[PDB]
Amino acid sequence: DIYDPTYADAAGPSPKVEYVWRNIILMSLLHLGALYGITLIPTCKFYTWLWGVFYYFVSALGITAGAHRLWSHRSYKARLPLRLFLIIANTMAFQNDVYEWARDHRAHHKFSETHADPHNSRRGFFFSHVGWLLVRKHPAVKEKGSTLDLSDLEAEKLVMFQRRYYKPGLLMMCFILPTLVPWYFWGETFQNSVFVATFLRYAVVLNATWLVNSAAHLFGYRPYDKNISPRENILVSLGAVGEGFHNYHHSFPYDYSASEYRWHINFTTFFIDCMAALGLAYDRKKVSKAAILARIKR
Ligand SMILES: CCCCCCCCCCCCCCCCCC(=O)SCCNC(=O)CCNC(=O)[C@H](O)C(C)(C)COP(=O)(O)OP(=O)(O)OC[C@H]1O[C@@H](n2cnc3c(N)ncnc32)[C@H](O)[C@@H]1OP(=O)(O)O
Ligand SMILES: [Zn+2]
Ligand SMILES: [Zn+2]
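Everything in the sequence shown is counted per the entry's author numbering, starting at 53 for the first residue and increasing by one.
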């Protein structure tokens, strides 16, 4: 389609943008309601804590093992049962559907740190964290991102399926269902069942991944590639469920781990390896220490 060159031309390094006010209000309201959910933590029952933490991890795996490694990068291959687990988990996590998530991410890698990068870190921290979700995509994103080969995803039935039935699926998996089962099973109050079991954990999962774009691209160390910007960040690797070794991963995206070392702080590699031993994941790419050593070259 088209674009307005007033939102593309810039004297400096950042053009003007169109504020999406539907998103600004909703994001603000999710976080305000999350801050309130923090204050309701000591009130909560023990089970809803376990429920909250548990729901956090599965949601993470739906993005980490699922949306990112399996589908965005095609690092490994997953048998049908695991496929179902990850696609359901990805709906629990309510980031954009696997198709759109991978599409943006395949551009995040190939056009890293340009205006074709959906979360361009050159724009700043706030933009890369959540700011890019509060504004219209810079024209270059779909101008250059229309290049990418998304055939592997389009041909995958399950991926396109959740893309269609996403609004119902995400409503259930991310809001209704995670609110009902504390309020109904271990007699949680509806108020805590809302602002903690859903509001708090969903906001937690959001930022935890946002730090992989924001925090991880400005803070850390680069023993693999000095010239690029993603950093090896331990906290982010711990915040995320393993995706914080970003200087490594942008250098080796097809790695079925996101790091040089398996299981180090990679809870997912451990998970994926468990899935492999069960016979549910099978084609793991592991980059030779040869190539990793051949790249101190940066
Ligand atoms: C917990 C541990 C897990 C750790 C994870 C570790 C991950 C490691 C690696 C880091 C990966 C980055 C993480 C990503 C996480 C962010 C996901 C969320 O926050 S989401 C949470 C929920 N928050 C939300 O959902 C916020 C809602 N988002 C929005 O409202 C908009 O996207 C907008 C506000 C950003 C402006 O967007 P706007 O410019 O107005 O237009 P639209 O965008 O709507 O689409 C325009 C059309 O052009 C095309 N096109 C677009 N992009 C591309 C592309 N790259 N290419 C090609 N084409 C592209 C396309 O055809 C499209 O049509 P269609 O696709 O519909 O067919
Ligand atoms: Zn990145
Ligand atoms: Zn990646």
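Virtual Cβ for every residue (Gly too), placed ideally from N, Cα, C.
**Message:** Just to confirm before moving on: does the CB-CB distance between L113 and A141 stay below 8 Å?
**Reply:** Walking along the sequence shown from the start, residue 113 turns up at place 61. Walking along the sequence shown from the start, residue 141 turns up at place 89. Cβ distance < 8 Å, so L113 and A141 count as in contact.
**Asked** What is the rounded straight-line gap between the Cα of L210 and the Cα of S124?
**Response** Here residue 210 is taken as the residue at index 158 of the sequence shown, counted from 1. Here residue 124 is taken as the residue at index 72 of the sequence shown, counted from 1. Spanning the two alpha carbons is a distance of roughly 14 Å.
**Request:** Evaluate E284 with the Cβ neighbour count: other Cβ atoms within 10 Å of its Cβ, from every protein chain shown; 16 or more gives buried, anything less gives exposed.
**Result:** Along the sequence shown, read from residue 1 onward, the residue named residue 284 stands at position 232. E284 comes out buried.
**Message:** Going by DSSP in three states, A112 sits in which element: helix, strand or coil?
**Reply:** For the purposes of this step, residue 112 is taken as residue 60 along the sequence shown, with counting starting at 1. Helix at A112.
**Prompt:** Beta carbon of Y276, beta carbon of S303: below 8 Å?
**Reply:** Counting from one through the sequence shown, the residue named residue 276 turns up at place 224. Counting from one through the sequence shown, the residue named residue 303 turns up at place 251. Result yes, Cβ atoms of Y276 and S303 sit closer than 8 Å.
**Asked** Around the Cβ of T91, are there at least 16 other Cβ atoms within 10 angstroms (buried) or fewer (exposed)?
**Response** The residue labelled residue 91 in the question sits at position 39 within the sequence shown. Counting Cβ neighbours within 10 Å, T91 comes out exposed, since fewer than 16 surround it.
**Request:** Can you have a look at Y108 and say buried or exposed, based on whether 16 or more other CB atoms are within 10 angstroms of its CB?
**Result:** For the purposes of this step, residue 108 is identified with residue 56 of the sequence shown, where counting begins at 1. Result: buried.
**Nearest to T321 (by Cα), restricted to the options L138, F98, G294 and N265** = In the sequence shown, residue 321 corresponds to position 269, counting from 1. For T321, the nearest C-alpha among the options comes from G294.
**Item:** Span separating the alpha-carbon of residue 380 from that of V264
**Value:** Lying outside 53 to 350, the shown extent of the chain, residue 380 is not represented and no answer is given.
**Asked** Which value, in whole angstroms, describes the spacing of the CA atoms of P234 and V257?
**Response** As a working mapping, residue 234 is identified with position 182 in the sequence shown. As a working mapping, residue 257 is identified with position 205 in the sequence shown. Going by the C-alpha atoms only, they are around 19 Å apart.
**Message:** Give me the pocket residues for ligand 3, defined as CB within less than 6 Å of any heavy atom, sorted by chain position.
**Reply:** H120, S124, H125, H157, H161, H301 and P305
**Item:** Stretch pair the segment 154 to 165 + the segment 191 to 201: three plus CB contacts closer than 8 Å
**Value:** yes
**Alpha-carbon to alpha-carbon, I77 and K68** = The count along the sequence shown starts at 1 and reaches residue 68 at position 16. The count along the sequence shown starts at 1 and reaches residue 77 at position 25. In a straight line, the C-alpha of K68 is about 20 Å away from that of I77.
**Beta bridge counterpart(s) of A130 as assigned by DSSP** = Against the sequence shown, residue 130 aligns to sequence position 78. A130 pairs with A333.
**Request:** Can you tell me the Cβ-Cβ gap for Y88 and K337, rounded? I've got them flagged as a contact below 8 Å.
**Result:** What you label residue 88 is simply residue 36 of the sequence shown in a count that begins at 1. What you label residue 337 is simply residue 285 of the sequence shown in a count that begins at 1. Not really, about 44 Å apart at Cβ, beyond 8 Å.
**Ranges of the beta strand (DSSP E) found wholly within the segment 299 to 346, counting only runs of at least 3** = none
**Request:** Decide if the segment 133 to 149 is in contact with the segment 217 to 236; the criterion is three or more beta carbon pairs, one per stretch, under 8 Å apart.
**Result:** yes
**For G104 and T250, the rounded distance between their alpha carbons** = By one-based count along the sequence shown, residue 250 stands at place 198. By one-based count along the sequence shown, residue 104 stands at place 52. Near 8 Å, if we compare the C-alpha coordinates of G104 and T250.
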